[PDB]
Amino acid sequence: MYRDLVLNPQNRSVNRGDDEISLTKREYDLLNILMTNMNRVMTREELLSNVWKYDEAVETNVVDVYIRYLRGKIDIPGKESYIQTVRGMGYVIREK
């Protein structure tokens, strides 16, 4: 019943209310794994292994960078981020 964000696989974008937000391949995959694992904290290692499955020369830092790309496109001013940072554990999307 979580509807703050709704994935659109037809054009692999995400809807925030009535706003459709275009996402790159990596941004979509990263948002998808977090949403599929709602309320569970995903470590950078877990996110890296899922979104950069066969990539070479890609460290955990890239996960952090993409979380920032995601926040830039989906977060709204005056509202807490849709993706929460959990120091020492990773990232999580929490149903409120």
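Residues numbered from 1 in each chain as written, not as in the entry; some residues may be left out. Heavy atoms only, no water.

- Per the PDB record, this model was obtained through X-ray crystallography at a reported resolution of 1.50 Å.

## Thoughts on the sheet that holds strand β3 (residues 19–22)
Two orientations exist for strands paired in a sheet by backbone hydrogen bonds: parallel and antiparallel.
And then number 1: Read from one edge of the open sheet, three strands run β1-β2-β3, paired in antiparallel fashion. The open sheet has two free edges, formed respectively by β1 (6–8) and β3, since each of these has just one partner strand. Averaged over all pairs of adjacent strands, the angle between strand axes in this sheet comes to 30°, irrespective of strand direction.
And then number 2: Inspection of the sheet shows β1 paired to strand β2 (residues 13–16) by three bridges, in the antiparallel sense. Looking at the pairing, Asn-8 lines up with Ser-13 of β2. (Pairing = 2+ DSSP bridges. Helix = DSSP H or I, 4+ residues; strand = E, 2+ residues; numbered from the N terminus. Axes fitted to C-alpha atoms, helices over the stretch in contact; angles between N-to-C directions.)

## Here we look at the packing of aromatic side chains
And then number 1: For the coordinates displayed, the defined rule picks out two aromatic pairs.
And then number 2: Seen from their ring centres, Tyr-66 and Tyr-69 are 5.1 Å apart, and the 65° between their planes marks the pair as edge-to-face. Here the residue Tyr-66 and the residue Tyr-69 both occupy positions in helix α3 (residues 61–74), the gap between them amounting to three residues, near one helical turn.
And then number 3: For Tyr-69, a relative accessible area of 45% translates into the label partly exposed. (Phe/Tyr/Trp six-rings, centres within 6.5 Å; stacked < 30°, edge-to-face > 60°. Buried < 20%, exposed > 50% of the residue type's maximum accessible area, 1.4 Å probe, protein only.)

## Re the environment of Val-51
And then number 1: On the secondary structure map, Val-51 appears in helix α2 (residues 44–51).
And then number 2: Spatially, the C-alpha atoms of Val-51 and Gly-90 are 14 Å apart, while their sequence positions differ by 39 residues.
And then number 3: Apart from the residues within four sequence positions on either side, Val-51 is in contact with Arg-26, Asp-29, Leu-30 and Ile-33. (Contact = heavy atoms within 4.5 Å.)

## Re the nonpolar core
And then number 1: Membership of the largest hydrophobic core comes to 27 residues, with the highest contact counts inside it found for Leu-5, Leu-30, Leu-31, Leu-34, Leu-47, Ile-83 and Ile-93.
And then number 2: Secondary-structure elements contributing two or more residues to this core are α1 (25–36), α2 and α3.
And then number 3: Once residues lying within four places of it in the same chain are set aside, the contact partners of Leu-47 are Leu-30, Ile-33, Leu-34, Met-42, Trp-52, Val-63 and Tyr-91. (Core = buried A, V, L, I, M, F, W, Y, C linked by side-chain atoms within 4.5 Å.)

## Notes on the pattern of salt bridges
And then number 1: As enumerated under the stated definition, the model contains seven salt bridges in all.
And then number 2: A salt bridge links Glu-27 to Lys-73; the shortest N-O distance between them is 2.7 Å. Of the two residues, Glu-27 is situated in helix α1 and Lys-73 in helix α3; the sequence distance between them amounts to 46 residues.
And then number 3: In this structure, a network of salt bridges that share partners links the residues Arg-12, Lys-25 and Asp-29. (Salt bridge = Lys/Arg side-chain N within 4 Å of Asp/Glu carboxyl O.)

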